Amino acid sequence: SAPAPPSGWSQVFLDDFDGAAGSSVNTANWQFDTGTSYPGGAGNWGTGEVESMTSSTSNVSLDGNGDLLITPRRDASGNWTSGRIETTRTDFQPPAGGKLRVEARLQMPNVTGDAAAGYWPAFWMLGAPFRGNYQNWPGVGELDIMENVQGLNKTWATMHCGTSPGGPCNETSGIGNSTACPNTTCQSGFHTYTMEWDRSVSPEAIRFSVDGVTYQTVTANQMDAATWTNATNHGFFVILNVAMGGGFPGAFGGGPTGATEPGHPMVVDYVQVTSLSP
């Protein structure tokens, strides 16, 4: 369960994924992305990933112990399925002068080596104008709070913005970094992945951390005013998924292969949004 926030912070959103084992997610908080694209969006979720997303509890369910499970599955015909859920809410944005923290505590799919090839878990945010549009990436803004591939002991955090390819945000790489999980591997158990959006200073800043340790900071002056405005002057929605294959795993050896093992969930204790007043 989420621990109490620090002094002065208020709760904006919390889903701690409590409920019986094998039961369905709270759809007051979450909506399902299904198939191989948004309705009228880019093919294969824009990444070349090979799974079809579903709303089945074979791919998205609770563990009964306070966690969401998103589990890639491979059927007897060789078809991959997985889960991709987004917050119903799109409003997350601190007021000017304020701060926001968006956080998840999760275990990355516990699989390494050849068996992990293609596994692409993610916990991320997309600018509200993307919803029902699907055609305004990267200008609309993307905050990747945790990404991982290949069961490697590291987390990537990235901001996407501006134009692609290139532009001030160096697309499609984005403004990002990777680091090992502190103390224990990312795959071994829970870690906390946090984005702090700080509108209390000039230049405005976004800081990504793992287990309370900051590894990537992005500041507004890294791009022009219009680019920052387009990327951040709106709410965001939150997304949790495990992609299978596509470009990110492709840059780290590829996958899935015949050796990739299905059935290793991303285990998410909670997603929480908190706010600090100006």
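So that there is no doubt, residue numbering starts at 1 and follows the sequence shown.
Just going by the entry, 218-226 versus 237-245 on mean CA temperature factor gives the higher value to 218-226. Stretch comparison (164-172 versus 145-153) by mean CA B-factor in the PDB entry places 164-172 on top. Ranked by Cα temperature factor within the chain, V102 sits in the lowest third according to the deposited record. In the deposited entry, the Cα temperature factor of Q135 sits in the top third of values across the chain's modelled residues. Among all modelled residues in this chain, the alpha-carbon of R74 has a temperature factor (C-alpha) in the lowest third. Placement of the Cα temperature factor of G189 within the chain: lowest third of the modelled residues, per the deposited record. In the PDB entry, a CA B factor belonging to the highest third of its chain's modelled residues is recorded for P95.
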